[PDB]
Amino acid sequence: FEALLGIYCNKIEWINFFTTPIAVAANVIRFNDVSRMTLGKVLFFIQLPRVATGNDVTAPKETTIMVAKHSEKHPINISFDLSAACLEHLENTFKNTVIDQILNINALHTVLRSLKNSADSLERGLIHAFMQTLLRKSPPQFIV
Amino acid sequence: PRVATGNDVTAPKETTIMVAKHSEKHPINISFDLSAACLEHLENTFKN
């Protein structure tokens, strides 16, 4: 006999964005229509305090400085595909036979497991895109 | 598990891997003997 012992599977460990400690640098907001947003911009209005000057020195003027920071925009996406046989056995039991019930439950677990894997992949895509942007922003230490 | 690619980079597809580890098998033995004279003195007492 050809002994088929126990069948073991993988554990996909799950990731939440806020659980990871990059989210202390992040600050994460649902805005439902950012799809429609072309630009976002913040506008800063600084004024600098002067110091009184002594003898023989021109006192400087009231310096007012206005700047504006734009918003980078960055999409992410995940595809996963289902086969046509999976789509057929997902939606009906043709006859109510035992094999057909087995395949119906396998198609259902295929769809569910792929949905969970894709949601995890969107979380990790948020992780990686945010790390990408911090690395593009960050100048190195000798320059700083 | 995958990760979401950025702007218009083609993501890898859904990777499912199957492995099958096999069994070695290996015998052991021990031989030991009893002599004919010992086997005579084992149970059938000739005299008392």
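Points worth noting:
- All C-alpha pair distances within the range A:5-60, sorted into 10 Å bins from zero, spread as 13, 17, 19, 15, 16, 11, 4, 3, 2, 0 percent across the bins.
- Alpha-carbon centroids, the range B:24-48 and the range A:99-144: separation in whole Å: 69
- Kirkwood-Stokes translational diffusion coefficient of the range A:42-144, alpha-carbon pairs, 4 °C, 1.567 mPa s, µm²/s: 63
- Fluctuation leader among A:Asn77, A:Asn32, A:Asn55 - chain A, Gaussian network, Cα springs under 10 angstrom: A:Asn55
- Partner shielding of A:126-133 amounts to 2, given as the average count of beta-carbon atoms from other chains within 10 Å of each residue beta-carbon.
- Degrees separating the helix A:98-137 axis from the principal Cα axis of chain A, which is the longest one: 20
- For B:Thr5, nonlocal amide neighbours, meaning residues 5 or more places apart or on other chains whose placed amide H falls under 5 Å from its own, are A:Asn77.
- All other residues whose Cβ lies under 15 angstrom from that of B:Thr5 are scored, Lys and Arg at +1 and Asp and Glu at -1, for a net of -1.
- Over chain A: helical MRE at 222 nm, DSSP H runs n ≥ 4 each giving -39500 (n - 2.57), nearest 500: -12000 deg cm²/dmol
- Our estimate of slack between A:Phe18 and A:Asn117, defined as 0.36 nm per intervening residue step minus the Cα-Cα distance, is 33.8 nm.
- Of the residues A:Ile65, A:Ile78, the one with the fewest other Cβ atoms within 10 Å heads the list, and the complete ranking is A:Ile65, A:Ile78.
- Projecting the Cα atoms of A:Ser121, A:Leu4, B:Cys38 onto the charge dipole of the protein assembly as shown (Cβ charges, centred on the Cα centre) puts A:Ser121 farthest toward the positive pole.
- ³J(HN,Hα), Karplus 6.51/-1.76/1.60, whole Hz, each residue of the range A:39-56, x for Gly, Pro: 10, x, 9, 9, 10, 10, 10, 9, 10, 9, x, 8, 10, 5, 9, x, 5, 6
- Ordering A:38-50, A:95-107 by mean Cβ neighbour count within 10 Å, with the highest value first, yields A:95-107, A:38-50.
- As a length-normalised measure over Cα pairs under 8 Å and 6 or more apart, the relative contact order of chain A settles at 23 percent.
- Sorted ascending by nearby beta carbons within 10 Å, beginning with the fewest, A:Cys9, A:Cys86 become A:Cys9, A:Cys86.
- Among A:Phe80, A:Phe130, a tally of other beta-carbon atoms within 10 Å of each Cβ gives an order, fewest to most, of A:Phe80, A:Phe130.
- Take chain A and mark each of the GluC sites (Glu not before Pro) that is in a DSSP loop with at most 11 other Cβ atoms within 10 Å; the longest unmarked stretch, sites excluded, is A:73-144.
- Overall form of the protein assembly as shown per C-alpha gyration tensor (a/c, 1.5; a/b vs b/c): oblate
Note: ideal-geometry Cβ built from the backbone for every residue, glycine included; neighbour counts use all protein chains shown. Quick note: the coordinates plus some simple rules give every number you see, no bench work behind them.
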